[PDB]
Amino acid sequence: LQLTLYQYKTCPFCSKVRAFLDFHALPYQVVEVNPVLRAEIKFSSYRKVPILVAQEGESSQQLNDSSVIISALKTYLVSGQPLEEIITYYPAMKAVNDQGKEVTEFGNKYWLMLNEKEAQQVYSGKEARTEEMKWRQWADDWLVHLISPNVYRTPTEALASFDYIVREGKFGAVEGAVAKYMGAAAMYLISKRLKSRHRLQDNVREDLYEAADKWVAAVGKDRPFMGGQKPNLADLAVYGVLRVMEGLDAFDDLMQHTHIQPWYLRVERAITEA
């Protein structure tokens, strides 16, 4: 089973898949996609990243959605059922938006296709299973929306963010320089609207701290991770979404004003502990 992960290193969706693969010590190769030309992903009809293709000898499968990849690869690690069958339980559901745009959502993306036996093996109980599902959805439907407005909240921050994005990502020496200044500007302004459209406060930092606190309270103090002893897909989902800001002011503030570090560091070492 050879895993190749096509990604945008600094993207919360790719970090999410990495947090999962790393935690389960799964071996994979990563091909960094060029956000401007995206030639490395032009083999797929699915036009979003991450994309993960699993090769099993002569056979191979393309897992598209970041939440679907984790769900499919996970039910696979527990059930051992063929990946080509498992990916069949998370179908791409096409529909035309109320604006005429063709959206594609993936069915059952936060549900592991597990039987009673294996389910009892990975979950605390029925309520633990539906809880991570709810928090998996929160991570990318609410939490990720707090990244941009926060890392591009100030012109200085916007430049630091794109410096890190271009340095961390794949850009030609030329488009790198352009994207560094041009992209920081566009994103600084563009995020001013993302902040509004998503109904964020004026002090976006406060929206970040609230979510952070809302999370640690959810984890509670009776357990190290929402998953209990070890982190579960929900712990790894929030971790993966937040790690993306590591090194930026947003992250330092997060750690300094929220009491989220203990859990964060906990999920980190649980990962480095392969």
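Note that residue numbering follows the sequence shown and begins at 1.
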Taking the mean of the C-alpha B-factors per stretch from the entry, tell me the winner out of 166-174 and 146-154. 166-174
Can you tell me whether 68-76 has a higher mean C-alpha B factor than 101-109 in this record, or the other way round? 101-109
Between 45, 232, 55, 34, where does the Cα B-factor run highest in the record? 55
Which one of 201, 161, 137, 88 shows the biggest C-alpha B-factor in the PDB entry? 201
Residue 221: which third of its chain by C-alpha temperature factor? highest
Residue 25's Cα B-factor: lowest, middle or highest third of the chain? highest
Please place residue 2 in the lowest, middle or highest third of its chain according to the CA B-factor in the PDB entry. middle
Tell me, lowest, middle or highest third: where does the Cα B factor of residue 133 rank within its chain? lowest
